[PDB]
Structures are given as C-alpha cells and as structure tokens.
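*Asks:* I have a structure I would like to understand better, so I am pasting it below and will then ask my questions one at a time.
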Amino acid sequence: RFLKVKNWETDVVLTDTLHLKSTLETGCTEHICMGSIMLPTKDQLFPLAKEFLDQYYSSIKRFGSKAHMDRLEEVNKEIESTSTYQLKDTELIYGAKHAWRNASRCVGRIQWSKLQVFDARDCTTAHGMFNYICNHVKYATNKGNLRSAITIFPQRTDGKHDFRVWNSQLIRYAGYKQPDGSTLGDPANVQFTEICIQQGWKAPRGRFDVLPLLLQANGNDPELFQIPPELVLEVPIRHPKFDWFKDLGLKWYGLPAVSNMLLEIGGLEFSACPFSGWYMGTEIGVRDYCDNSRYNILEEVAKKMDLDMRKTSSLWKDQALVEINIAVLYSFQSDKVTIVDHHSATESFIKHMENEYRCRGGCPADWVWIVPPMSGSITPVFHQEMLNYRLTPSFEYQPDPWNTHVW
Amino acid sequence: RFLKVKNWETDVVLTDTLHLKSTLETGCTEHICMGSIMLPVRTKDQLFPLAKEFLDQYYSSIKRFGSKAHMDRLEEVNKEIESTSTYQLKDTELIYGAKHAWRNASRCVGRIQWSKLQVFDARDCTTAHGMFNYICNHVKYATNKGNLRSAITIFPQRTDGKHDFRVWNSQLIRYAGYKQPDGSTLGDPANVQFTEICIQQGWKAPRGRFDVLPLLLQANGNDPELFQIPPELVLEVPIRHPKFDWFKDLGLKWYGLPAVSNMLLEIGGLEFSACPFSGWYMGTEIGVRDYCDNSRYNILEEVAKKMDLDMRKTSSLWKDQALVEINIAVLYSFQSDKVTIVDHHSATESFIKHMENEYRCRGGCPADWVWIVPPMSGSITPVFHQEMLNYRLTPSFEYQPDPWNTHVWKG
Ligand code: HEM
Ligand code: HEM
Ligand SMILES: Cc1cc(N)nc(CCc2cc(N)cc(CCc3cc(C)cc(N)n3)c2)c1
Ligand SMILES: Cc1cc(N)nc(CCc2cc(N)cc(CCc3cc(C)cc(N)n3)c2)c1
Ligand SMILES: [Cl-]
Ligand SMILES: [Cl-]
Ligand SMILES: [Cl-]
Ligand SMILES: [Cl-]
Ligand SMILES: [Zn+2]
Ligand SMILES: [Zn+2]
Ligand SMILES: [Zn+2]
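In order, the protein sequences belong to chains A and B.
Heads up: the first sequence is residues 299 to 338, 350 to 716, going by the authors' numbering.
Heads up: the second sequence is residues 299 to 338, 348 to 718, going by the authors' numbering.
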C-alpha cells in the first residue's frame, strides 16, 4: 500500500502512494510478469466521467464545491440524454497534459505541463484534418526550435464515424520491396506505403521519401495529402571527424510525431490525436539506423571505419554504434534543430521523477522503455527501481485502421 | 492456457505452456508491475507437496514416472518427513535439482550451459575448516588454469534455521573496499561493509586497491571463521588495451572466476543456504558494472581524460566512447591470457538459441528482460527485441538476507 523504490547507485529510497489510483490492467499477475510484452455504454461512462471530474476539480482546489457538483450533474445529465458528453476546453487541456504526465514509457515527461493543445473538435473533413496538421507541424517545428504539441480531433461516437490518422507518425519515410529481394527506404513502412499506392500515391521510389498523410474523417474512407515539403524540416547526417560519413547519403526528420495512438479522457475516446515533441538522439541513431528491421547500416559504417569485423569480441558493432550516435547529435546541433542526448534526457527524467514523488506521490515508469537502447548502465535511470502502473487520462495503443475500416 | 511472445526484429512468435507449472510469486499484480524491483523453518504440512512436486518432476525427466522406483521413493520420503520432519535427497536428485535451479534462473543469460554443471556434494561437511577445503577445491577445479568450468558446491541443508551453513562472502573471490577518513574509497566500494567485518574478525588488511578478501565461513550455525584462499589458486588478469599503450598504467586487473556464494538453493522444499556456484564472465560485468558504475571503481572519467575526449558536454558521447574502449580492453586482456570470457553479442545470441530450443522442448524459458539485456549496447543484441515472460519455477536460486543481519553470535 506504501511501496518503496530504491536507487542502487545512490542508495536513495522513495515511497510510492500514487499507485493506489491505478486503474487499467498491467497484463501481469502474481504468477507471471509481462513487463517486457510490448502489448501485454451509459453505465460504463458515468463512473469514468466522475473519476476524471473529481481529479480535475481536486487539481484546481475546488473539490466538493458547488461548481464541482454542478458539473458532475451536468455531465450526468448529458450522458443520460445523449449517451456521451463534451469536455470543456479547460478539461481537454488538463486531460491531454495528464495523459502525457501518465505515459510511463516516456523519458521526456519533465516537459509535461508545457504542452500546447490544439483543439480540433470542430473538424469535419479530411481536408480540414490536413489543415490542422500542417498547422501543428509548423507550430511544433518552429524553424528548428521545437515545441511540444498535440492536436485533438473529434471523439469516438458509435465507433463507425472514427477520425483516424492512418500514418503511425506524421512524418516518416516510405518503404518499398524491390525485385532484388532487399528493401529500399524504411522497412517499417512497407505495408503503409503499399496502401498509399493502392490509394493512388505516385511514389518517387527513393530511400527517404516523406510519406503522404492518409486521413480519415468521420468514419469516411481515408484521403491522401502531401505535407508541404517546406514544412518538413530534415537534417543531413555528418560526423564531426569522419569526412566519409556524409557519403552514406543519410538524413532524418526533426519532428517526432506519433499519430496512431488513442487519447482517453474521462471515458471519452480520441482516436486521432497526433502529438509531437523532439528526438532523443538514440531514437534515430540506434533504433532507426541500426535495428536489423530498419535502415540497418551498422555493417556499412563499420566497414568505412575499417574496424575488424572478424570477431564480435572486437566490439566493432559497439564502436560504430557510438559514432553513428555521435553524428546524429552533431548534425542536429549544427543545424540548430532541437535534440536531446540520452545522458541529458535520463538525468532530466530522474529530476522529474523525484519531483513527482514529492509532489504527486509517485511517477509510473516502464524501465524497459525508460532505459535508453545503448549505454544503459551509465545513465542514471539504469539503477533506478521503477513501478509501472496505468493512470488515466492515458495514451493507449489501438489497432491499425486498415484491419478494421470497412470501405 | 497458451501465452505468446514475439520478436520485434524477426517477427518470430513462440508459445509458452511452461508458465502453467509456475509457483512462487513475481511481486506483480494486475495493478502494479514490479518487473524492475530488484528484490520484491518449513512444516511437514507444506513440505510433502513440495517434495512430491519435485520427485514427480525428477521421475518424469528420467522416464520413470509412476514406476515402482518412483512410488517407493515417494513413500520413503513421506515417512522420513513424518518421523524426522525433513528428508535427504539422493545424489542423483541433488545433481538434477542444482542443474534445474540454473536452468530456471530467469536472470541468467548464460543458461545454454545449464546441463554441464559440475556438482560437488558437500553435505558431509561439518566445520568451517571443512568448508574452506571444499571451496579451495571448487575454485581449483572451476578455474582449470583459465579454461573455466561451471561448478557448484552444496553444503548441508537448513534444519531448524539455527544451524545454517553460510558463506558470508557475496562472491568467493572479490576485492576489499576501504572507506578512508577523507571520505574516498580505496578498492571496491561494493565490499566496504564486508571488508569491515573481516577486519573486525581479525583479518590483517593489506589496504591496496585489489586485495582478494578472505573467506568468512559459518558451519552448523556457529560463528564464522576467517581463511585466506591460497594466492596461487586465484587467477587474475592484468587489464590492457590492444591499441592504447597507456591503458596498462591505469593499474587495472580483475579475477577470472565469478562465483556467487550468497544465494539460497531450493530443491523439493529443502533449503541449501550455502551453495556457492561459478561460471565465467561476460565481459560487460567487469567493463560496465565493476569498472564503470559510479558506486564501484568508477574509472570512466579517468579513461576519458587519458583518451582526450571532449568532456565539456555529455553530447559528444565521451562516456559511451570510453565505455566501449574499457570493455574492449577487458575482452582483449582475458583472450590474450587465455582465460575464458564471453562478449555480450555472442552470449545473447547463444541465449536466444537456447531460449527457442527451450520453447520447442520444454514449453517455455522464463526470462527477466531487465537482467538479460546487457548493460551496454542493448538494442544491437538479439535479446533487446525479444519479449520474455518472467515467472518462477522450482528448483530455484533465491536471495537471502546477509548473515551478519540475522546471525545470533556465540562469542
Ligand atoms: C519533449 C520531448 C520528448 C522526448 C525527448 C520524448 C522521449 C520519448 C522516448 C525516448 C520514448 C520511447 C523510448 C525510445 O524511443 O527509446 C517515448 C515514448 C512515449 N512518449 Fe515521449 N517524448 C517527448 C514528448 C512526448 C509528448 C509531447 C508526448 C505526448 C503528448 C509523449 C508521449 C509518449 C508516449 C505515449 C510514449 C510511448 C509510445 C509507445 O508506447 O509506443 N512524449 N518518449
Ligand atoms: C557459465 C557462464 C555464465 C555466464 C556467462 C553467466 C552470466 C550471467 C550474467 C551476465 C548474469 C546477470 C546479468 C549481468 O550481470 O549483467 C547472471 C545472473 C545469474 N546467473 Fe549466470 N552465468 C553463468 C553461469 C551461471 C551458473 C553456473 C549459475 C548457477 C548454477 C548461474 C546462475 C545465475 C543466477 C542465479 C543469476 C541471478 C543473480 C542475482 O539475482 O543476483 N549462472 N549470469
Ligand atoms: C512524442 C514522442 C517523442 C519522441 N522523442 N519519441 C517518441 C517515441 C516514438 C517511437 C516510435 C517507434 N516506432 C518506436 C519506439 C520504441 C519501440 C520499442 C521500444 C522498446 C524498449 C522495445 C521495443 N520492442 N520497441 C518509439 C514519441
Ligand atoms: C554464476 C555467475 C556467473 C556470471 N558470469 N555472472 C553472475 C552474476 C553476478 C552478479 C553479481 C552482482 N554483484 C551484480 C549482478 C547484476 C546486478 C544488477 C543487474 C541489473 C539489471 C540491475 C541492478 N540494479 N543490478 C550480477 C553469476
Ligand atoms: Cl522514430
Ligand atoms: Cl525498437
Ligand atoms: Cl562481478
Ligand atoms: Cl549493477
Ligand atoms: Zn510485471
Ligand atoms: Zn528497435
Ligand atoms: Zn550497475
């Protein structure tokens, strides 16, 4: 009921009391831990509404006030009548900021209160969606000086009028299977690229083709739109000491913008809610460049470095991995595009977590994701025990729309 | 029930049925996952089912389930429990149990080797002097002049909890740590408390950076006694780097035999509180944890200085660069001196092959991702993208409290 977490580097011990407000399931049981599994009605809605409105009213120091009670009744009334309800703007901004606050897999949550929420609940068409998105992209990008944002489209109704961004991120590179058997571009986006072509996109068939947006308004069939190239800030990748690095032909985009998740606030479901921040360097240099199912360039970089690749024990993979990550950071910094390295991001997070422990009573965190995908042990999060539990408002996974949408 | 795990690199999906045999708890609930928490006398009543469980597994493994030998063994154990409150394992059962506790060790990446464990039965041991002899023998055998062999030594089981055998050392071989008055630490900061006990017990500390600790050994619940391991039995490797000639002048060395001696072995409900076991090192345990943890030798700054990296900002990745160089050094030194060691790529690759084979033949392989993923370069190893299920099978190794915390002193 009071839970202790220890830091094995500093001996510091912290007490979590926030977990007693956990609600959704973890996937784990007393018999089996699923901590490393990536995906482990009117009657239903009012409790969720109440739970949310109670936390909102508590947060502005107005708990049990007539204004609190009157909103509970109003929402109760509207649920009884319409089977759903509408959030006040203040509630929407609170709910969104808190869904980020509660994202146990996010190392960047120190920034959670500074989120810019764009309310797009008046949107009715895919063209309208496209406009809201370009606006979000321009605002978030800010000529390289990135600002966090989320844009919130209309909430689910019957579940057959869903708004969805079919892209998994607003900005991402196409993937194509070649007669050769190999893959050109990003292998992660092969499927989504084919649907784009099936829908009518003229693919440039290159290595770094920014995908078009495929947008679904009001449950209608989704539509293609090209983001104005001038709004997609990209960074060519060079290394501060290896001149040959640039020749590998590498570049990436400055804006990480997740667009396939669902935002849940007070039982209400926001199926299109793209949100963006800025990159931690390892996301591009370790995952995007170096996963075997991604650009997979470790081999080619190690070769240009003339490392000995005869035996794994030379740590050639590791040497190359560092230099690739050095080059990413260097390139973003030289072009004045916001980026954070994993030492700085995790130090910031440990500061955030201690802040949350004193002020909120805990900070749900998923160690498997919070510890960076390289040099884990030499970052201050490795030795930090974490408790992982689900608080609402939250971001949730949802299935890809092509598996569900009826044409 | 069937449980699926996926590999996000290869899309290979595996099905777990072995979790149905799980017992003890994880610490987790449907409301809270404690997957990253490091640590979240038995009655006749609880003992016979534990024994039966174990002997059913044992007789299955040998294709003799339900046999006359099986049933006679259940009955023989049952009555021994009735009349003595405990029972004795056959040697065959002990070997099987120990091998399985390793096979079931969800935090161990080295499990491909589980079936080749040399088991030394020390249940006839009665004194600390006897323990010391058993341990020197274990060390000499396991070390094998640098061609390392896995081994475990098993001392008598717990009886009433007042007569425990305990190795007070957390590992058989480890370096002393000394807190200086100015607040610095000489040698290994992990062993300061234990070093202090040793000294209090009469150990004459050399007070150097790499002093091999004496063994502190408790037999039959008696006060523990000090013994120095013969230096000729302690294999050590001077650490140097294949390209950087100044690396040797850091004065680093490490011991070749990792030998955990503070855990408890549970088999068939019996508790073996002194069961030191050893294998060989994965390079990162020395180069990442032992050398570069801030609470350990903490040499990252010194190495980076000598390399003349840009240390003005974390974003040059100077710490990562030095980390890789130190780990390169450790593996190069070990290989050159022909002392068994495994790099993290080869170890995790072997583990994945082990794990898949365990799914085919056993219906699962419980694994703790937090420990299985190496402490550097996680994502470029094949375990990072591997979903794992963590649950507890017996026989097992368990944590137990440090003995200076519970021991009743006799004087
Ligand atoms: C401001 C800069 C931000 C940074 C540096 C950052 C960092 C990260 C990282 C590194 C991960 C996954 C671990 C990895 O990729 O290695 C992640 C996950 C996540 N973040 Fe952030 N984040 C930022 C902003 C945001 C914002 C603005 C939101 C929402 C408003 C958000 C919500 C999430 C969620 C829901 C996940 C989990 C995604 C999933 O389960 O797939 N983050 N974050
Ligand atoms: C043969 C070579 C072996 C290798 C390379 C190896 C490797 C490792 C590593 C790397 C870890 C923890 C992860 C880390 O420290 O970064 C570990 C943990 C562990 N291994 Fe092994 N292992 C070996 C042999 C053994 C043997 C012989 C046993 C027992 C019979 C054993 C049982 C365990 C246990 C119980 C843990 C968890 C320790 C704890 O919770 O503190 N391993 N192993
Ligand atoms: C808003 C925001 C900003 C920012 N800078 N970064 C993000 C996360 C984006 C992200 C995108 C993808 N495709 C995969 C992962 C990790 C996928 C993963 C992680 C682990 C630990 C294991 C595994 N199998 N997969 C993270 C969001
Ligand atoms: C028999 C054997 C052979 C072999 N090569 N290695 C071992 C494991 C030895 C070991 C010893 C210590 N002191 C700490 C750890 C990990 C400590 C740790 C890991 C993680 C993931 C987090 C954390 N806080 N602490 C492991 C046993
Ligand atoms: Cl990405
Ligand atoms: Cl990934
Ligand atoms: Cl160690
Ligand atoms: Cl550690
Ligand atoms: Zn769990
Ligand atoms: Zn990856
Ligand atoms: Zn450590």
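All C-beta atoms in this analysis are idealised placements derived from N, C-alpha and C, irrespective of residue type, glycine included.
#1: Within the 8 Å Cβ cut-off, does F691 of chain B reach chain A?
#2: Check each residue's C-beta against every heavy atom of ligand 7 and list, in chain order, those closer than 6 Å.
#3: Is the beta carbon of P531 of chain A closer than 8 Å to that of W475 of chain A?
#4: Helix, strand or coil for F501 of chain B? Go by DSSP, reduced to three states.
#5: Ligand 2 heavy atoms versus the CB of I459 of chain B: any closer than 7 Å?
#6: Ligand 11 and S686 of chain A: does any heavy atom of the ligand fall closer than 7 Å to the residue's C-beta?
#7: Going along chain B, which residues have a C-beta under 8 Å from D650 of chain A?
#8: Taking only beta-carbon positions, decide if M662 of chain A is within less than 8 Å of chain B.
#9: Thinking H651 of chain A and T621 of chain A are a contact (beta carbons under 8 Å), I'd like their distance in whole angstroms, please.
#10: Verify whether the separation of the beta carbon atoms of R603 of chain B and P682 of chain B is less than 8 Å.
#11: Less than 8 Å between CB atoms is the rule here; does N601 of chain B satisfy it with respect to chain A?
#12: In chain B, which residues lie with their C-beta within 8 Å of the C-beta of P708 of chain A?
#13: At what residue ranges does the segment 549-619 of chain B contain a whole run of the beta strand (DSSP E), taking only runs of 3 or more?
#14: At a cut-off of 7 Å, is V567 of chain B close to ligand 2 when judged by its beta-carbon and the heavy atoms of the ligand?
#15: So does the segment 470-486 of chain A actually touch the segment 512-532 of chain A, counting three or more Cβ pairs closer than 8 Å?
#16: Looking at the structure shown, is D379 of chain A part of a helix, part of a strand, or coil, going by DSSP?
#17: Please go through the same chain and pick out, in chain order, the residues whose beta-carbon is closer than 7 Å to the beta-carbon of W625 of chain A, but skip the five residues on each side of it.
#18: At which residues does the alpha helix (DSSP H) containing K626 of chain A begin and terminate?
#19: Taking all protein chains shown into account, decide if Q353 of chain B is buried (16 or more other Cβ within 10 angstroms of its Cβ) or exposed.
#20: Should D398 of chain B be counted as a contact of ligand 6 given a C-beta to heavy atom distance under 7 Å?
#21: Please classify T324 of chain A as buried or exposed, where buried requires at least 16 neighbouring CB atoms within 10 angstroms.
#22: Work out the CA separation of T391 of chain B and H470 of chain B for me, nearest whole Å.
#23: So with Cβ pairs under 8 Å, would you call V310 of chain A a contact of chain B?
#24: Should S334 of chain B be flagged as near chain A, meaning a C-beta pair shorter than 8 Å?
#25: Within the segment 385-421 of chain A, note down every full alpha helix (DSSP H) run reaching 4 residues or more, in order along the chain.
#26: With a floor of 3 residues, list each beta strand (DSSP E) that falls wholly inside the segment 685-709 of chain B, ordered by position along the chain.
#27: Which first and last residues belong to the alpha helix (DSSP H) in which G515 of chain A is found?
#28: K406 of chain B: buried (16+ other C-beta within 10 angstroms of its C-beta) or exposed?
#29: Give every residue of the same chain whose Cβ lies closer than 6 Å to the Cβ of residue 348 of chain A, excluding the five residues on either side of it in the sequence, and list them in chain order.
#30: Verify whether the separation of the beta carbon atoms of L401 of chain B and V426 of chain B is less than 8 Å.
#31: If you draw a straight line from the C-alpha of residue 346 of chain B to the C-alpha of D314 of chain A, how long is it?
#32: By Cβ distance, which residues of its chain are closer than 6 Å to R414 of chain B, with the 5 residues on each side in sequence left out?
#33: Would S491 of chain B be called buried (16 or more neighbouring beta carbons within 10 Å of its own) or exposed?
#34: Can you grab the Cα-Cα spacing for the pair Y562 of chain A / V541 of chain A, in whole Å?
#35: Let's see if you can read the secondary structure: which residues bound the alpha helix (DSSP H) around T655 of chain B?
#36: Please identify the residue among B:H714, B:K302 and B:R410 whose C-alpha is closest to the C-alpha of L424 of chain B.
*Replies:* Reading it off the structure:
#1: Position 384 of the second sequence, counted from the start, is the residue given in the question as residue 691 of chain B. For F691 of chain B, the answer is yes, since a Cβ of chain A falls inside 8 Å of its Cβ.
#2: B:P565, B:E592 and B:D597
#3: In the first sequence, the residue the question calls residue 475 of chain A occupies position 166. In the first sequence, the residue the question calls residue 531 of chain A occupies position 222. Yes.
#4: Here residue 501 of chain B refers to the residue found at position 194 when the second sequence is read from its first residue. Residue state, collapsed to three classes: helix.
#5: In the second sequence, counting from the first residue as 1, residue 459 of chain B sits at position 152. At least one heavy atom of ligand 2 is nearer than 7 Å to the Cβ of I459 of chain B, so yes.
#6: Within the first sequence, residue 686 of chain A is the residue found at index 377, counting from 1. Indeed, a heavy atom of ligand 11 lies less than 7 Å from the Cβ.
#7: Taking the first sequence and counting its residues from 1, the one referred to as residue 650 of chain A is at position 341. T621, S622 and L624, listed in chain order.
#8: Position 353 of the first sequence holds residue 662 of chain A. For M662 of chain A, the answer is no, since every Cβ of chain B falls outside 8 Å of its Cβ.
#9: Stepping through the first sequence from its first residue, residue 651 of chain A is reached at position 342. Stepping through the first sequence from its first residue, residue 621 of chain A is reached at position 312. With a Cβ gap of about 23 Å, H651 of chain A and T621 of chain A do not count as contacting.
#10: As a first step, residue 603 of chain B must be located in the second sequence, where it is residue number 296. As a first step, residue 682 of chain B must be located in the second sequence, where it is residue number 375. No. Outside cutoff.
#11: By 1-based counting over the second sequence, the position of residue 601 of chain B is 294. Cβ-Cβ to chain A under 8 Å: yes for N601 of chain B.
#12: Within the first sequence, numbered from 1, the residue matching residue 708 of chain A stands at position 399. Near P708 of chain A there are no residues of chain B at all, since even the closest Cβ is about 15 Å away, more than 8 Å.
#13: 560-562, 571-574 and 577-579
#14: Within the second sequence, the letter at position 260 stands for residue 567 of chain B. True, at least one ligand heavy atom lies under 7 Å from that Cβ.
#15: yes
#16: What you label residue 379 of chain A is simply residue 70 of the first sequence in a count that begins at 1. The answer is helix: DSSP assigns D379 of chain A an H, G or I state.
#17: Here residue 625 of chain A refers to the residue found at position 316 when the first sequence is read from its first residue. Correct list, in chain order: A611, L616, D617 and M618.
#18: Stepping through the first sequence from its first residue, residue 626 of chain A is reached at position 317. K626 of chain A -> alpha helix (DSSP H) spans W625 to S643.
#19: Looking up residue 353 of chain B in the second sequence gives position 46. By the neighbour-count rule (16 or more Cβ atoms within 10 Å), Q353 of chain B is not buried but exposed.
#20: For this step, residue 398 of chain B is matched to residue 91 along the second sequence. For ligand 6, not one heavy atom lies less than 7 Å from the Cβ of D398 of chain B.
#21: Translated into positions along the first sequence, residue 324 of chain A becomes position 26. By the 10 Å Cβ count, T324 of chain A comes out buried.
#22: By one-based count along the second sequence, residue 470 of chain B stands at place 163. By one-based count along the second sequence, residue 391 of chain B stands at place 84. The alpha-carbon atoms of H470 of chain B and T391 of chain B are separated by roughly 16 Å.
#23: Numbered from 1 along the first sequence, position 12 holds the residue referred to as residue 310 of chain A. Chain B, which has no Cβ nearer than 8 Å to the Cβ of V310 of chain A, makes this no.
#24: Translated into the one-based positions of the second sequence, residue 334 of chain B becomes position 36. Taking Cβ atoms only, chain A reaches closer than 8 Å to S334 of chain B, which makes this a yes.
#25: 398-410
#26: 703-705
#27: Numbered from its first residue, the first sequence carries residue 515 of chain A at position 206. Counting along the chain, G515 of chain A falls outside any alpha helix (DSSP H), and DSSP gives it neither H nor E.
#28: Start at 1 with the first residue of the second sequence, and residue 406 of chain B comes out as number 99. Looking at its Cβ environment, which holds 16 or more other Cβ atoms inside 10 Å, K406 of chain B is buried.
#29: The model of chain A omits the segment between 338 and 350, and residue 348 of chain A is among the residues lacking coordinates.
#30: As a position in the second sequence, residue 401 of chain B is number 94, starting the count at 1. As a position in the second sequence, residue 426 of chain B is number 119, starting the count at 1. It is a contact, given that the beta carbons lie within the stated cut-off.
#31: There are no atomic positions for residue 346 of chain B here, as chain B continues from 338 directly to 348.
#32: Translated into positions along the second sequence, residue 414 of chain B becomes position 107. These residues qualify, in order along the chain: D675 and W678.
#33: Start at 1 with the first residue of the second sequence, and residue 491 of chain B comes out as number 184. By the 10 Å Cβ count, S491 of chain B comes out exposed.
#34: Here residue 562 of chain A refers to the residue found at position 253 when the first sequence is read from its first residue. Here residue 541 of chain A refers to the residue found at position 232 when the first sequence is read from its first residue. In a straight line, the C-alpha of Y562 of chain A is about 7 Å away from that of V541 of chain A.
#35: Residue numbering aside, residue 655 of chain B sits at position 348 when the second sequence is read from its first letter. Start and end: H651 to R669.
#36: Taking the second sequence and counting its residues from 1, one reaches residue 424 of chain B at position 117. Ranking the options by Cα distance to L424 of chain B, first place goes to B:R410.
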